[PDB]
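Note sheet for the following structure.
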Amino acid sequence: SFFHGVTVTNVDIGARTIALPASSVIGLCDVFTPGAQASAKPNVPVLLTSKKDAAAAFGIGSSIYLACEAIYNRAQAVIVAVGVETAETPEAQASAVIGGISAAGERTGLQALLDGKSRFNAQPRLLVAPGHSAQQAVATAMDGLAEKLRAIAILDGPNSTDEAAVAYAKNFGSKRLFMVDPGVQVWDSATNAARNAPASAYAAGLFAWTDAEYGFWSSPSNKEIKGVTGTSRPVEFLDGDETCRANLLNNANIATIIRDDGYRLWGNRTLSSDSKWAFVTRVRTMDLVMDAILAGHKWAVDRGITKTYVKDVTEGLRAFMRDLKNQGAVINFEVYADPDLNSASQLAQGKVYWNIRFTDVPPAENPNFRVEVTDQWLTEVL
Amino acid sequence: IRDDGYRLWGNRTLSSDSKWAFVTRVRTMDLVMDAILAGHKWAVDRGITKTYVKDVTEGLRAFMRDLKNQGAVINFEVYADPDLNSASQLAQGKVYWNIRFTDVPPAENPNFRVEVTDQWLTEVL
Amino acid sequence: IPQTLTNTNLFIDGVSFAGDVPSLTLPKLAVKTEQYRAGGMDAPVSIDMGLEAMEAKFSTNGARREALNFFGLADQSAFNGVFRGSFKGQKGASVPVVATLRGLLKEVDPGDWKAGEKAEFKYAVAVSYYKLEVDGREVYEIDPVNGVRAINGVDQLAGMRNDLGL
Amino acid sequence: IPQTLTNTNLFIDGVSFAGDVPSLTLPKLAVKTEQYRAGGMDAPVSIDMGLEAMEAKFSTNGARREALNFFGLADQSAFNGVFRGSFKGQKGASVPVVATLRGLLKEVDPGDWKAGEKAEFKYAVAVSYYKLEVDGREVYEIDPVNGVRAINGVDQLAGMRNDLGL
Amino acid sequence: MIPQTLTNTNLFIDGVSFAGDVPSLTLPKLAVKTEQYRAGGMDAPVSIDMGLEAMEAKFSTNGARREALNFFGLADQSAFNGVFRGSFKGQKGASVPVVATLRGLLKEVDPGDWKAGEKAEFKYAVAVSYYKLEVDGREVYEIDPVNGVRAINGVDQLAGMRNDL
Amino acid sequence: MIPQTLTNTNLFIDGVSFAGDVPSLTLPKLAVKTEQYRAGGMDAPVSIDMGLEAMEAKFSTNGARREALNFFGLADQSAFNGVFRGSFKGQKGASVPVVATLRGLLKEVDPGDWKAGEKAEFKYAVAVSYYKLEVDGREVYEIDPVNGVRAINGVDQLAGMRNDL
Amino acid sequence: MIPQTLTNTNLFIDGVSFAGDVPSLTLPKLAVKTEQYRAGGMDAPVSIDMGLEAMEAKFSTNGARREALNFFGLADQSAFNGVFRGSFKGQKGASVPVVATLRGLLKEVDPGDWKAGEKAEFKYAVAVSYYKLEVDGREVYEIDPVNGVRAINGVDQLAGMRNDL
Amino acid sequence: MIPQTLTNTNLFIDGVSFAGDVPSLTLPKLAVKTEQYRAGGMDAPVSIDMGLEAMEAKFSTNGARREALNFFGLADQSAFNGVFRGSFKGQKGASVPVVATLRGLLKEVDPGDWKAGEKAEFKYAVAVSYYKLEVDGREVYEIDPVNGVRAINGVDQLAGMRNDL
Amino acid sequence: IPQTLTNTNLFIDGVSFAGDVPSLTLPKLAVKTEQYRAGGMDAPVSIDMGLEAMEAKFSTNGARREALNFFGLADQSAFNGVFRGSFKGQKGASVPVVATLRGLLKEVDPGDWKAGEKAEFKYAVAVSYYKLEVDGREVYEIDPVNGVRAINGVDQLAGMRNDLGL
């Protein structure tokens with residue numbers, strides 16, 4: 001049938017915070033229970049828009065939604081979220097969250113995040129698996145999937161002390177990994193107690209937040225976190241070059257949480273053995289000025305090389321870089337065609353080369369204030 | 001509905017076809033055509049020149065853009081039928097156009113999703 | 001390929017002017033630029049302020065009474081009109097340029113009648129609706145009433161009509 | 001059919017100017033457009049504000065005393081006047097264009113008398129009443145006194161005269 | 001910041017659109033009522049936030065609009081509402097909808113000089129009793145004269161004055 | 001709404017028509033007398049509907065019209081009547097008769113600068129004691145100063161003020 | 001009515017004619033002194049016929065005219081008389097003699113800026129103590145300030161005010 | 001001295017740059033409050049340094065800048081800061097950075113006539129509660145109204161008034 | 001060595017106009033001088049006030065639809081454009097003059113269509129970005145957005161950007 005006239009219903013909806021900047025996308029993977037209310041097959045990806053379809057695709061009490069509510073508390077981005085069936089032994093659970101080509105012609109586990117584009121038109125640049133990143137074998141599969149996807153993979157640590165978190169970060173150093181060791185404990189309204197969230201979704205919702213108005217060039221290393229209480233372990237920054245718990249963990253290239261009740265994030269540097277790719281900003285800027293160029297250059301591939309083909313795109317690379325200088329993404333650049341690698345033999349196989357040498361803003365991780373108490377303006381008091 | 005014959009209440013005709021349910025779609029299809037067929041007392045028994053089809057399909061558009069101006073329709077398209085128009089149809093006076101348009105649906109069901117929250121209770125302090 | 005005008009034509013109500021119109025002029029579509037130089041820049045940047053007033057001249061060297069009876073009547077935008085032009089090109093086949101121009105007839109200027117020269121009745125159309133077509137497909141569609149300034153199919157004022165509640 | 005002016009003529013009081021008037025000019029009928037751009041539109045739309053001031057030049061290369069005695073006299077619209085023009089066409093028979101122009105004689109401008117050239121007395125008529133006829137039937141009738149601006153028989157100001165109580 | 005500016009405008013009165021009528025607007029001049037505070041010891045007089053001035057929103061119309069002339073001098077205030085809209089285009093085409101929902105009383109109607117050839121103008125004036133400016137979608141101003149809510153950027157500034165005392 | 005505007009005008013004084021005389025009009029400025037109400041607690045002063053201002057209708061004449069100069073300073077008020085008419089054409093030719101029947105007292109006559117070559121002007125002014133504006137055929141304003149009937153859109157607004165008290 | 005307007009003017013001072021001198025005139029601004037009467041019950045203030053304002057007739061002269069400069073500041077009022085004349089031609093040549101016989105006191109003489117190349121002007125002003133306007137041959141205005149005869153169209157309006165009381 | 005003049009300008013509000021927005025500035029008019037002292041014996045009245053006038057800094061913006069409209073009428077004074085910058089080029093290219101750091105309260109916002117084709121302007125006004133002008137790198141003015149420090153060329157002039165008494 | 005223009009060309013999006021553009025015009029780069037005469041000098045000295053508004057005409061004698069589809073669209077500075085010109089010289093080898101001109105398309109002015117003459121569609125570009133190159137190396141780079149007015153490599157507004165905090 002149908003209805004004529006006004007039919008006043010009575011529903012339960014939350015705040016109207018659904019305003020969506022389509023800037024950063026997050027690849028997520030955690031366990032859940034495929035019930036009747038969870039309308040999502042296990043190993044397939046599901047694009048998420050808000051909490052209303054994160055509660056429709058997966059259940060309320062599922063470990064997806066506990067790791068997906070934390071993202072939408074801070075930034076209302078869009079999430080390419082894959083699920084995984086839970087397992088009994090932790091080795092089979094670690095093998096299932098990785099997944100692979102063990103289906104007929106599909107990708108399971110983390111590998112289904114590689115199907116972000118051509119299914120959803122959202123290639124994930126933020127890779128998280130909260131709780132599972134503390135395992136070594138999952139984080140290595142989290143590692144190798146980031147270089148295939150040009151993404152920042154946010155890792156975890158154990159619940160234990162600082163020594164067992166530094167030792168977890170020594171075997172890494174592969175320029176794409178961002179470790180946050182302190183277990184963020186958070187209040188919930190279901191059981192009226194304090195949970196223990198494994199710190200990934202809060203940093204994932206913070207990387208997607210700082211791209212909305214501060215841009216991808218900016219550092220998310222002193223930003224606020226909403227929907228949060230204290231950490232599992234205290235960690236503070238003090239001064240005087242002592243055994244600070246923050247400085248011991250920054251020197252191991254691990255992010256912490258500093259002020260009261262989960263108030264800030266603290267890490268600038270990736271797990272990188274190379275000194276050039278230390279900061280998170282240089283790794284993100286090199287990965288996010290290119291999709292800002294390769295989109296906008298869906299052309300200049302399979303077109304056909306004319307005489308001024310090279311010139312008409314190297315004046316289009318400059319025009320799509322001068323606006324990056326205008327919005328403060330880069331400091332002064334240079335874009336020019338490569339004179340010696342471009343040759344007539346390379347044109348017959350479609351290969352053409354450019355040089356897009358630029359520089360980026362360094363994040364001010366250390367503002368030093370040299371200060372004394374003089375007695376110079378004491379003659380002002382007379 | 002209301003007191004002492006205060007309102008009328010029906011949107012839908014007696015129609016077994018689901019397309020022609022509302023009274024508005026049946027009236028709009030019947031009352032945009034006499035708004036066109038008047039104003040086109042010409043374009044019948046005139047004589048088909050070379051640009052005869054073009055000069056009236058630009059006159060059907062001009063008598064439809066004012067219907068969009070007064071809110072009668074939402075966005076339309078008026079174009080001559082390319083495959084039905086032929087040289088054999090001109091010898092018997094038959095010429096065809098396509099006046100595919102859409103109409104405003106009457107809001108028979110405004111739903112208001114409403115609850116009493118306790119969100120702005122900290123405003124009372 | 002080099003391409004140049006060869007022939008023109010003018011229709012009003014289907015009333016052809018085959019050998020009657022020597023000259024005709026499409027409206028100068030000019031966008032309303034204002035030289036904007038604020039702080040932090042040395043040169044002015046021009047900015048859109050909508051279009052200018054469209055203005056269409058055409059001419060006839062004889063009294064036709066089909067172009068004269070549309071002057072100054074109370075129904076504005078009653079002069080419907082079609083400007084046609086065939087652009088030939090070097091390699092044979094031509095490209096038709098069809099423009100329809102629904103506005104009021106602004107002025108009728110019969111020049112000097114010097115008894116042995118051409119009559120040359122100047123006309124001018126204050127264009128309300130304008131739609132330029134090249135090679136049978138749409139290029140322009142200019143109607144400020146409802147604001148539907150459209151370039152090659154897409155509507156450029158679709159942003160402001162959601163902003164102004166239109 | 002191609003059609004062009006061949007001969008002109010000028011009558012005032014039935015006083016013919018058969019071989020006397022080299023050039024004559026009908027008034028430029030221009031409607032008073034004002035570029036109206038309100039909110040919700042990108043381009044201006046021109047609008048009627050009545051007509052402009054009609055102005056009729058004619059010329060004579062000799063002192064005739066029938067065109068000179070109507071200058072500046074106290075009875076405005078005493079110069080009655082008839083502008084005639086025969087438009088021949090290609091296929092033989094012509095189309096007469098007759099305009100009567102009842103206004104005041106605005107100026108008389110005798111040019112430079114250079115002793116071996118033509119005299120060329122410029123005249124100008126400030127037209128009050130104007131009525132253009134093509135092929136023996138009425139095209140225009142312009143008289144602002146009583147407001148009877150009429151195009152091909154029908155009166156375009158019939159709406160406003162009921163509005164203004166005229 | 002990219003250069004933006006006004007390109008087109010619009011106006012609503014009680015739902016209906018003046019989509020071909022209004023040549024001019026004036027949003028109400030938001031002005032704080034300043035009292036010159038110079039005292040003993042201090043050199044220059046400071047100006048103090050001590051309430052807003054009288055808001056008044058002019059708008060103009062070239063034709064006899066019955067919808068605009070209906071709301072002059074009604075016995076109930078805030079029967080006139082009115083919605084003023086603008087569109088600021090930017091340099092890259094990103095048009096920004098500036099909408100200003102006021103709810104004042106219509107104050108003044110003067111059809112000016114009705115010359116014959118010259119177009120006529122109906123200047124209007126609105127004694128504004130409520131004002132609400134929105135730049136893109138976010139609420140910048142929300143001025144309640146009769147209520148104690150002067151919301152600048154969504155937070156009430158008059159409520160913060162009561163917590164300080 | 002189609003764009004409309006003034007194209008031509010007319011003027012009647014006691015029946016006779018000034019069909020070739022008047023270059024200018026001014027309908028009386030309808031303006032409500034506002035008193036600034038700011039009080040304890042409220043931030044901005046509101047303006048209150050508290051009566052209309054002085055209506056005054058200028059009109060102008062280029063020649064010595066005995067019919068217009070007859071009604072200056074008569075011992076009886078509302079001996080002058082006057083009818084001001086306009087015609088607003090629209091975009092599709094639908095002309096709209098704006099007629100304003102006033103019945104005031106003629107207030108001021110100043111033949112200005114009688115320069116030789118320049119045309120002369122007789123500015124007039126009418127102390128309006130009755131005003132009635134009609135947009136198309138329907139009565140929009142009907143202002144009785146001396147009576148208690150201020151009719152906006154045909155309904156009396158002063159009568160509604162007495163029912164509220 | 002046929003369109004008429006001023007074409008030429010003239011001026012007499014005590015009989016002699018300024019037939020090549022005066023570039024400008026100003027007949028005195030006839031204006032009634034209005035008192036705003038709003039009261040209990042009535043909405044808009046009416047204006048009441050309560051006497052005329054100060055009449056003052058400017059005229060101007062480009063040369064040193066001894067006949068005009070003779071009458072400044074004389075010990076007797078109405079020693080200056082002056083007669084201002086106009087001619088309104090019509091559309092059919094029917095010229096209409098507008099003659100205004102005033103009998104005031106000459107009030108102000110200011111020879112203005114005597115620049116070298118620029119022509120000089122002697123502005124005059126007349127404190128009008130009697131005014132009498134005639135449009136064609138018939139007497140329209142006859143303003144006695146000092147007497148109780150304000151004749152509009154030949155009938156005294158001040159005499160009708162005494163019969164009403 | 002080589003001829004110098006303004007070529008370009010800039011404006012900061014709370015850190016962010018209006019690098020494509022502002023067409024106009026006005027630094028606050030520094031004016032001393034003068035009292036006319038003429039007395040017995042002395043001929044002409046002298047003017048005495050007796051405090052400064054009200055400083056007020058206008059600036060203008062063509063677009064809806066949320067950063068500028070955020071600071072109107074806040075409950076705390078000196079929440080608005082603002083930094084006005086100029087660049088004076090000289091004849092030999094030696095550009096001189098004139099920077100004026102003020103810290104006033106934003107006083108007035110009037111979006112003016114929103115005509116359709118014409119660009120819009122948002123005039124601003126700042127009730128200046130602190131002013132500091134620097135010509136090249138050196139501090140010329142430093143005006144504390146609320147404090148007793150009026151520093152001209154880096155030395156306090158109000159402190160020198162206390163040592164004289 | 002005497003050197004003169006021989007051939008011109010015009011690219012927009014790589015879309016060549018080989019035999020299509022008869023005339024094209026680079027923008028008149030004019031600095032904004034104001035005649036400054038203060039005390040102590042008899043003659044005025046002109047002073048820099050930034051540049052004027054750059055303005056680029058080009059023309060096409062046929063309807064191409066690649067130059068028409070960039071008029072008046074909402075993205076200002078979407079007309080990218082390349083003006084090319086080969087300056088030959090007396091002694092053989094030529095010098096290329098390449099200018100890229102990223103601005104909005106200001107106006108499209110189709111002239112009089114007189115049925116036997118050239119079409120001559122006037123165009124005009126309101127130049128935002130301008131970069132003139134002579135002999136493969138940079139001469140000018142004019143962009144008021146970020147203020148990067150550069151002469152032969154060095155940036156002349158580098159002084160003011162440190163002054164304005166840019």
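Residue numbering restarts at 1 for every chain of the structure tokens, chains are lettered A, B, ... in their displayed order, and ligands are numbered from 1 as they appear.
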Next on the checklist: Considering only strand (DSSP E or B) as DSSP defines it on the backbone, what residues of chain B qualify? List them as a list in words.
Outcome noted: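 Selection result, strand (DSSP E or B) within chain B: residues 12, 22, 73, 74, 79, 80, 97, 98, 102, 103 and 112 of chain B.
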Put those residues in a file: C-alpha atoms, as a PDB file, in the first residue's frame.
ATOM      1  CA  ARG B  12      -5.042   9.873  -7.226  1.00  0.00           C
ATOM      2  CA  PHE B  22      -2.022  11.127  -9.669  1.00  0.00           C
ATOM      3  CA  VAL B  73       7.341  21.359 -15.672  1.00  0.00           C
ATOM      4  CA  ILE B  74      10.798  20.292 -14.686  1.00  0.00           C
ATOM      5  CA  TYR B  79      13.233  17.145 -30.756  1.00  0.00           C
ATOM      6  CA  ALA B  80      12.087  15.900 -34.136  1.00  0.00           C
ATOM      7  CA  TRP B  97       8.057  15.079 -32.948  1.00  0.00           C
ATOM      8  CA  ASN B  98       9.104  13.925 -29.485  1.00  0.00           C
ATOM      9  CA  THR B 102       8.605  15.457 -16.827  1.00  0.00           C
ATOM     10  CA  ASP B 103       6.264  16.979 -14.267  1.00  0.00           C
ATOM     11  CA  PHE B 112       8.889  14.102   9.518  1.00  0.00           C
TER      12      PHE B 112
END
Sort by chain and increasing residue number a table of all residues of chain A within 12 Å of chain H, each with its closest pair of atoms and their distance in Å to one decimal, counting only C-alpha atoms, and write it as a tab-separated table.
residue	atom	partner	partner_atom	distance
A:326	CA	H:19	CA	10.1
A:327	CA	H:19	CA	11.2
A:328	CA	H:17	CA	11.6
A:380	CA	H:159	CA	9.9
A:381	CA	H:159	CA	11.4
A:382	CA	H:163	CA	10.4
Item to check | 6 Å contacts from chain D to chain C using only C-alpha atoms, as number ranges by chain | outcome: D: 1-8, 22-25, 28-31, 41-45, 151-152, 156
Kindly save the residues from that selection, with N, CA, C and O atoms included, as an mmCIF file, in the first residue's frame.
data_model
loop_
_atom_site.group_PDB
_atom_site.id
_atom_site.type_symbol
_atom_site.label_atom_id
_atom_site.label_comp_id
_atom_site.auth_asym_id
_atom_site.auth_seq_id
_atom_site.Cartn_x
_atom_site.Cartn_y
_atom_site.Cartn_z
ATOM 1 N N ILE D 1 13.167 37.878 -54.087
ATOM 2 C CA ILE D 1 13.508 38.710 -55.233
ATOM 3 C C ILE D 1 14.328 39.909 -54.771
ATOM 4 O O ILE D 1 13.924 40.604 -53.839
ATOM 5 N N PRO D 2 15.485 40.129 -55.398
ATOM 6 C CA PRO D 2 16.312 41.293 -55.053
ATOM 7 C C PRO D 2 15.609 42.597 -55.398
ATOM 8 O O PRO D 2 15.074 42.761 -56.494
ATOM 9 N N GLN D 3 15.624 43.529 -54.449
ATOM 10 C CA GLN D 3 14.847 44.757 -54.536
ATOM 11 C C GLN D 3 15.680 45.902 -53.989
ATOM 12 O O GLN D 3 16.296 45.771 -52.931
ATOM 13 N N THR D 4 15.713 47.015 -54.719
ATOM 14 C CA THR D 4 16.605 48.125 -54.412
ATOM 15 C C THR D 4 15.890 49.413 -54.809
ATOM 16 O O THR D 4 15.038 49.403 -55.702
ATOM 17 N N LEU D 5 16.208 50.509 -54.116
ATOM 18 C CA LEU D 5 15.682 51.824 -54.468
ATOM 19 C C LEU D 5 16.153 52.259 -55.849
ATOM 20 O O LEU D 5 17.304 52.034 -56.229
ATOM 21 N N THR D 6 15.258 52.903 -56.592
ATOM 22 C CA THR D 6 15.591 53.508 -57.873
ATOM 23 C C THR D 6 15.411 55.019 -57.856
ATOM 24 O O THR D 6 16.351 55.757 -58.162
ATOM 25 N N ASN D 7 14.227 55.506 -57.495
ATOM 26 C CA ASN D 7 13.932 56.930 -57.526
ATOM 27 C C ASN D 7 13.307 57.362 -56.208
ATOM 28 O O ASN D 7 12.668 56.574 -55.510
ATOM 29 N N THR D 8 13.504 58.636 -55.879
ATOM 30 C CA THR D 8 12.900 59.260 -54.712
ATOM 31 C C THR D 8 12.125 60.488 -55.158
ATOM 32 O O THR D 8 12.254 60.951 -56.292
ATOM 33 N N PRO D 22 18.304 65.949 -53.965
ATOM 34 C CA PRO D 22 19.219 64.826 -54.215
ATOM 35 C C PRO D 22 19.147 63.739 -53.160
ATOM 36 O O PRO D 22 19.246 62.555 -53.499
ATOM 37 N N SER D 23 18.979 64.100 -51.890
ATOM 38 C CA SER D 23 19.023 63.139 -50.798
ATOM 39 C C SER D 23 17.932 63.448 -49.787
ATOM 40 O O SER D 23 17.611 64.611 -49.538
ATOM 41 N N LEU D 24 17.368 62.394 -49.205
ATOM 42 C CA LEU D 24 16.383 62.526 -48.143
ATOM 43 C C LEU D 24 16.502 61.329 -47.213
ATOM 44 O O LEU D 24 16.933 60.250 -47.623
ATOM 45 N N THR D 25 16.117 61.525 -45.956
ATOM 46 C CA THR D 25 16.340 60.528 -44.916
ATOM 47 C C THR D 25 15.083 60.375 -44.076
ATOM 48 O O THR D 25 14.599 61.351 -43.497
ATOM 49 N N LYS D 28 15.109 57.656 -38.065
ATOM 50 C CA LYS D 28 15.562 56.429 -37.422
ATOM 51 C C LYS D 28 14.614 56.120 -36.277
ATOM 52 O O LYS D 28 14.692 56.723 -35.205
ATOM 53 N N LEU D 29 13.690 55.198 -36.512
ATOM 54 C CA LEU D 29 12.803 54.724 -35.461
ATOM 55 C C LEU D 29 13.590 53.800 -34.552
ATOM 56 O O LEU D 29 13.904 52.670 -34.931
ATOM 57 N N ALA D 30 13.927 54.281 -33.365
ATOM 58 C CA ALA D 30 14.649 53.493 -32.381
ATOM 59 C C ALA D 30 13.809 53.412 -31.123
ATOM 60 O O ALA D 30 13.320 54.433 -30.635
ATOM 61 N N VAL D 31 13.631 52.213 -30.610
ATOM 62 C CA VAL D 31 12.913 52.063 -29.356
ATOM 63 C C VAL D 31 13.900 52.337 -28.228
ATOM 64 O O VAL D 31 15.114 52.163 -28.382
ATOM 65 N N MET D 41 19.903 36.697 -12.942
ATOM 66 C CA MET D 41 20.183 36.654 -14.368
ATOM 67 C C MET D 41 21.588 37.180 -14.609
ATOM 68 O O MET D 41 22.050 38.090 -13.917
ATOM 69 N N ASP D 42 22.268 36.591 -15.593
ATOM 70 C CA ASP D 42 23.630 37.003 -15.906
ATOM 71 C C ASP D 42 23.694 38.072 -16.988
ATOM 72 O O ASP D 42 24.631 38.873 -17.010
ATOM 73 N N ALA D 43 22.744 38.082 -17.906
ATOM 74 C CA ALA D 43 22.824 39.062 -18.970
ATOM 75 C C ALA D 43 21.711 40.092 -18.832
ATOM 76 O O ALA D 43 20.662 39.807 -18.250
ATOM 77 N N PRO D 44 21.919 41.311 -19.314
ATOM 78 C CA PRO D 44 20.827 42.286 -19.314
ATOM 79 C C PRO D 44 19.803 41.977 -20.390
ATOM 80 O O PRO D 44 20.125 41.476 -21.470
ATOM 81 N N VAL D 45 18.548 42.281 -20.076
ATOM 82 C CA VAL D 45 17.444 42.196 -21.021
ATOM 83 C C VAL D 45 16.981 43.610 -21.323
ATOM 84 O O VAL D 45 16.663 44.373 -20.406
ATOM 85 N N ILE D 151 1.591 49.310 -35.318
ATOM 86 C CA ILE D 151 2.371 48.463 -36.209
ATOM 87 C C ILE D 151 1.384 47.617 -36.995
ATOM 88 O O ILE D 151 0.463 47.047 -36.402
ATOM 89 N N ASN D 152 1.541 47.613 -38.327
ATOM 90 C CA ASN D 152 0.715 47.010 -39.386
ATOM 91 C C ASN D 152 -0.788 46.984 -39.106
ATOM 92 O O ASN D 152 -1.460 45.981 -39.357
ATOM 93 N N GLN D 156 -0.286 49.330 -30.672
ATOM 94 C CA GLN D 156 0.481 48.659 -29.631
ATOM 95 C C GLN D 156 0.336 49.363 -28.291
ATOM 96 O O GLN D 156 0.639 48.783 -27.243
#
Which residues of chain E have any atom within 10 Å of an atom in chain D when counting only C-alpha atoms, and what is the closest pair of atoms for each, with the distance in Å to one decimal? Order the rows by chain and rising number and write it as a tab-separated table.
residue	atom	partner	partner_atom	distance
E:7	CA	D:42	CA	7.9
E:8	CA	D:39	CA	5.9
E:9	CA	D:39	CA	4.7
E:10	CA	D:39	CA	5.0
E:11	CA	D:39	CA	7.7
E:17	CA	D:40	CA	9.7
E:18	CA	D:39	CA	7.8
E:19	CA	D:40	CA	5.2
E:20	CA	D:38	CA	5.6
E:21	CA	D:38	CA	5.6
E:22	CA	D:38	CA	5.2
E:23	CA	D:38	CA	4.4
E:24	CA	D:38	CA	7.8
E:25	CA	D:39	CA	9.5
E:61	CA	D:38	CA	9.0
E:62	CA	D:38	CA	8.9
E:85	CA	D:39	CA	9.5
E:86	CA	D:39	CA	9.1
E:87	CA	D:40	CA	9.9
E:116	CA	D:49	CA	8.3
E:117	CA	D:49	CA	5.7
E:118	CA	D:49	CA	7.7
E:119	CA	D:49	CA	8.0
Keeping only C-alpha atoms, write the selected residues as a CSV table (one decimal), in the first residue's frame.
chain,number,residue,atom,x,y,z
E,7,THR,CA,28.1,38.1,-9.5
E,8,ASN,CA,24.4,37.5,-9.0
E,9,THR,CA,21.8,37.8,-6.3
E,10,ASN,CA,18.2,36.8,-5.4
E,11,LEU,CA,15.5,37.6,-2.9
E,17,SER,CA,10.9,34.4,-5.6
E,18,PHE,CA,11.7,37.8,-7.0
E,19,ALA,CA,13.7,36.1,-9.7
E,20,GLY,CA,13.6,39.0,-12.2
E,21,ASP,CA,12.8,42.1,-10.1
E,22,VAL,CA,15.3,43.3,-7.6
E,23,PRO,CA,18.3,45.5,-8.8
E,24,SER,CA,19.7,46.2,-5.3
E,25,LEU,CA,20.1,44.9,-1.8
E,61,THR,CA,12.2,46.7,-6.8
E,62,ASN,CA,11.5,48.1,-10.2
E,85,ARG,CA,20.7,35.5,-1.2
E,86,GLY,CA,24.0,36.0,-2.9
E,87,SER,CA,26.5,33.9,-4.9
E,116,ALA,CA,8.2,59.1,-18.0
E,117,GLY,CA,11.2,57.7,-19.9
E,118,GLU,CA,13.2,56.8,-16.8
E,119,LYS,CA,12.5,53.5,-15.1
Item to check | Polymer residues at most 7 Å from segment 81-85 of chain I, only C-alpha atoms, same-chain spacing of 5 or more positions, as a VMD selection string | outcome: chain I and resid 7 to 13 96 to 102
Next on the checklist: Tell me as an MDAnalysis selection string which residues belonging to chain B come within 12 Å of chain F, counting only C-alpha atoms.
Outcome noted: chainID B and resid 66 68:71
Checklist entry - At what distance in Å, to one decimal, does atom CA of residue 34 of chain H lie from atom CA of residue 47 of chain H? => result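 So the two atoms, atom CA of residue 47 of chain H and atom CA of residue 34 of chain H, lie 5.2 Å apart.
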Item to check | Residue neighbourhood segment 132-143 of chain E, 6 Å, only C-alpha atoms, exclusion window fewer than 5 positions, as a PyMOL selection string | outcome: chain E and resi 96-101+150-153
Now that the selection is made, can you save its residues with N, CA and C atoms as a compact mmCIF listing (two decimals), in the first residue's frame?
# COMPACT_ATOMS: atom_id res chain seq x y z
N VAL E 96 29.99 30.32 -3.87
CA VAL E 96 29.76 30.23 -2.43
C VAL E 96 28.42 30.86 -2.08
N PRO E 97 27.43 30.09 -1.63
CA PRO E 97 26.10 30.66 -1.38
C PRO E 97 25.97 31.46 -0.10
N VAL E 98 25.95 32.78 -0.20
CA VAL E 98 25.77 33.65 0.95
C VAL E 98 24.28 33.93 1.10
N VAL E 99 23.66 33.32 2.11
CA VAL E 99 22.24 33.46 2.37
C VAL E 99 22.05 34.14 3.72
N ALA E 100 21.17 35.14 3.75
CA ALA E 100 20.92 35.94 4.95
C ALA E 100 19.43 35.94 5.24
N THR E 101 19.01 35.09 6.17
CA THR E 101 17.61 34.98 6.55
C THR E 101 17.32 36.01 7.64
N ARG E 150 23.10 36.42 20.93
CA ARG E 150 23.89 36.97 19.84
C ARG E 150 24.97 35.96 19.50
N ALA E 151 24.69 35.12 18.51
CA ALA E 151 25.56 34.01 18.16
C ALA E 151 26.51 34.46 17.06
N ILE E 152 27.79 34.55 17.40
CA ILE E 152 28.85 34.79 16.43
C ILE E 152 29.58 33.47 16.27
N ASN E 153 29.62 32.96 15.03
CA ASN E 153 30.22 31.67 14.67
C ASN E 153 29.57 30.52 15.45
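Coordinates place atom CA of residue 68 of chain A at a distance of 7.8 Å from atom CA of residue 51 of chain A.
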Item to check | Minimum-distance residue to chain F, chosen among G:154, G:15, G:45, G:111 (using only C-alpha atoms) | outcome: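 For chain F, the nearest of the given residues is G:45.
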